[PDB]
Amino acid sequence: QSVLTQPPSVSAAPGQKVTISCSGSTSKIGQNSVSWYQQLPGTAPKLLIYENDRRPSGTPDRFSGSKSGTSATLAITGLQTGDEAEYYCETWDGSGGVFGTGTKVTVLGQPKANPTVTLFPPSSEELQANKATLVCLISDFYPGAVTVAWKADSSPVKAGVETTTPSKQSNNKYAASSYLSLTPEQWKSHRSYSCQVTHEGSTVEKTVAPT
Amino acid sequence: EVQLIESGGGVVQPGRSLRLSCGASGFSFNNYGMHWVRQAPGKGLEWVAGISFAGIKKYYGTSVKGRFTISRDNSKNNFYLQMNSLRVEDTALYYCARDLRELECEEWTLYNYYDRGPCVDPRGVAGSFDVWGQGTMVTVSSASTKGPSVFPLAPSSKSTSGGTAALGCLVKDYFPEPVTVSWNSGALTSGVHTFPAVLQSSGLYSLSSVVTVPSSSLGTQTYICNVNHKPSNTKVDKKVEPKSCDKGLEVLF
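Here is the structure:
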């Protein structure tokens, strides 16, 4: 799974201009063209740009692309509500097939809301089952895009993690969840675990420890 | 109207094999290359394999090279992905996508000197995907039906904020989907949110159902989450009480 790096998310009001960036290795993007795709939620992707800066018969003047060196850029002017989607960059290097991470573009339809992060430790009941699970719940936030990260004694953790993508609530705001699965040994043999949620540049970090 | 439609998806045990089938229409199928792009929901797009318009060149991603196989039958406007030795990490929604570069063959096989046969043009794809299908879901799990273990997400000082307490239920290790959760037999619906399920490496699903309530009610009002898993015919009722030893949250009684 070799991949091109993108920002997690950007957001702007109706009519404003956005810019999205790709970046990667010289043996990939440094020597090959770049494409851009639009994936509306719940549907398949759709080509927006190819050969760095060419628009297919069917995408407006509003979308534009530009590459220089080991970086590429997508730009959307005069945002409409129907431009809300994820945007993936892609390149072909012979064997080819390299996508971005990529980036969600939110077109604000309501006031920005900061997430209320709630972190739960494993229940003693679950620990009696010789297993442990840390549940980080993210609630009441807009735009609906976040980035969760776990840490053990302020050291990064990557294995044993599963994160759901943000889903609409009844109040039309978003919520998400993340699980860190441990063994009771790991749980007890650490001073502290922490769930770090990033939302619109800001980062919230809740913490939990054994009893 | 241009259309790509996939099929063959479903639940399948690891180690086993599975063949997906992409049917093309609305254009000259034999003039374009074809690709398979998968997407673990919603972890983002990953490129699997691709084939040149003549069927001469095969490309594979590092994750699947050696295990998976591609081919095409221009006479049927079909396009196949033979998946072998399936891994639990092959779980994804598989899209078939048309290659951007339109080519006219300029080199065929003439099977007899009186007349034709397959195109054999050595070219040659662009690597950009200008048409996409609806996608077909391929779940990989060795699990058989199993009931959930329900654990409490007890409310505490680290879940209260602004006079509103947050509590829930961890529904762990079940299979298959779905699991429907309720609170107080459906009496409590305000503030309730049940998150999407999460497929673990174990092969089992897990989800959480959380509800927000007045922090003052925790000492008088009772909150039961009603988990329901019809596949395994299970109904769990967990009464969630505030965290036992918590100074930073006062509770009545």
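As given, the protein sequences belong to chains L and H, one line each in that order.
Under the deposited numbering, residues 1 to 9, 11 to 27, 27A to 27B, 28 to 106, 106A, 107 to 209 are what the first sequence spells out, in order.
Under the deposited numbering, residues 1 to 52, 52A, 53 to 82, 82A to 82C, 83 to 100, 100A to 100K, 100O to 100Z, 101, 101A to 101B, 102 to 224 are what the second sequence spells out, in order.
We put the CB at the ideal spot given by N, CA and C, even for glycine.
Contact with chain L by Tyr58(H), beta-carbon distance below 8 Å: Along the second sequence, read from residue 1 onward, the residue named residue 58(H) stands at position 59. Chain L, which has a Cβ nearer than 8 Å to the Cβ of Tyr58(H), makes this yes.
Given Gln30(L) as reference, the closest of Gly93(L), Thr163(L) and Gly81(L) once Cα atoms are compared: Start at 1 with the first residue of the first sequence, and residue 30(L) comes out as number 31. Measuring from the Cα of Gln30(L), the nearest candidate turns out to be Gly93(L).
Simplified DSSP state of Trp185(L), which is helix, strand or coil: Position 187 of the first sequence holds residue 185(L). Note: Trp185(L) maps to helix in three-state DSSP.
Rounded C-alpha distance that separates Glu160(L) from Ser176(L): For the purposes of this step, residue 160(L) is identified with residue 162 of the first sequence, where counting begins at 1. For the purposes of this step, residue 176(L) is identified with residue 178 of the first sequence, where counting begins at 1. The straight-line gap from Cα to Cα measures roughly 6 Å.
Interface residues of the segment 131-157 of chain H facing chain L [CB-CB below 8 Å]: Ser132, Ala137, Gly139, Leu141 and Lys143
In chain order, each alpha helix (DSSP H) run of at least 4 residues that lies wholly inside the segment 117-186 of chain L: 122-126 and 182-186
Assigned exposure category for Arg83(H) - 16 Cβ within 10 Å defines buried: Numbered from its first residue, the second sequence carries residue 83(H) at position 87. Label assigned to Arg83(H): exposed.
Neighbouring residues, chain H, relative to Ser175(L) (Cβ below 9 Å): Sequence index remark: in the first sequence, residue 175(L) carries index 177 (1-based). Near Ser175(L) (Cβ distances below 9 Å), the residues of chain H are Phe166, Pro167, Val169, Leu178, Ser179 and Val181.
Touching by the beta-carbon criterion (3+ pairs, under 8 Å), the segment 6-19 of chain H and the segment 106-119 of chain H: yes
Candidates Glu148(H), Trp154(H) and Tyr100G(H): closest to residue 225(H) by CA position: Missing from the structure shown is residue 225(H); chain H here goes from 1 to 224 and no further.
Short CB-CB distance (under 8 Å) between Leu4(L) and chain H: Here residue 4(L) corresponds to residue number 4 of the first sequence, with the count starting at 1. False, the Cβ-Cβ gap to chain H never drops below 8 Å.
Any chain H beta carbon closer than 8 Å to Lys204(L): For the purposes of this step, residue 204(L) is identified with residue 206 of the first sequence, where counting begins at 1. Yes, its Cβ sits closer than 8 Å to a Cβ of chain H.
Other residues of its chain near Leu100F(H): CB distance less than 7 Å, five sequence neighbours each side excluded: Here residue 100F(H) is taken as the residue at index 110 of the second sequence, counted from 1. Closer than 7 Å at the Cβ level, and outside the excluded window around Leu100F(H), lie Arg100O and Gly100P.
Closest by C-alpha distance to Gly81(L), when choosing among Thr58(L), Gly101(L) and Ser190(L): Residue mapping note: residue 81(L) aligns to position 82 of the first sequence, counting from 1. The residue with the shortest Cα to Cα distance from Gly81(L) is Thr58(L).
Sub-8 Å separation of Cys100R(H) and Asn77(H) beta-carbons: Looking up residue 100R(H) in the second sequence gives position 119. Looking up residue 77(H) in the second sequence gives position 78. No. Outside cutoff.
Contact residues within the segment 21-50 of chain H, judged by C-beta distance below 9 Å to chain L: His35, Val37, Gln39, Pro41, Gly42, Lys43, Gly44, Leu45, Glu46, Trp47, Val48, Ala49 and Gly50
Integer-rounded CB distance, given that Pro123(H) should sit under 8 Å from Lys206(H): Here the question's residue 206(H) lines up with position 235 in the second sequence. Here the question's residue 123(H) lines up with position 152 in the second sequence. With a Cβ gap of about 17 Å, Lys206(H) and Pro123(H) do not count as contacting.
Proximal residues of chain L, C-beta to C-beta of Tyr100I(H) below 8 Å: In the second sequence, counting from the first residue as 1, residue 100I(H) sits at position 113. Going along chain L, no residue has its Cβ under 8 Å from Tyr100I(H), so there is no contact; the nearest lies around 37 Å.
Environment of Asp100K(H) [buried if 16+ CB atoms lie within 10 Å]: Indexing the second sequence from 1 puts residue 100K(H) at position 115. Classification of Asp100K(H): exposed, given that the 10 Å Cβ count is below 16.
Cα-Cα separation, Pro100U(H) to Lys57(H): For the purposes of this step, residue 100U(H) is taken as residue 122 along the second sequence, with counting starting at 1. For the purposes of this step, residue 57(H) is taken as residue 58 along the second sequence, with counting starting at 1. Distance between the alpha carbons of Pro100U(H) and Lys57(H): 11 Å.
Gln184(L): contacting residues in chain H (beta-carbon distance under 9 Å): Position 186 of the first sequence holds residue 184(L). In chain order: nothing, as chain H lies at least about 16 Å away.
Per-residue burial, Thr191(H) [other beta carbons within 10 Å of its own, 16 or more giving buried]: Start at 1 with the first residue of the second sequence, and residue 191(H) comes out as number 220. Looking at its Cβ environment, which holds fewer than 16 other Cβ atoms inside 10 Å, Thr191(H) is exposed.
Alpha-carbon to alpha-carbon, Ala127(L) and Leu138(H): Residue 138(H) sits at position 167 when you count from the first residue of the second sequence. Residue 127(L) sits at position 129 when you count from the first residue of the first sequence. Roughly 21 Å between the two C-alpha positions.
Per DSSP, the bridge partner or partners of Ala111(L): As a first step, residue 111(L) must be located in the first sequence, where it is residue number 113. Paired residues: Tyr140(L).
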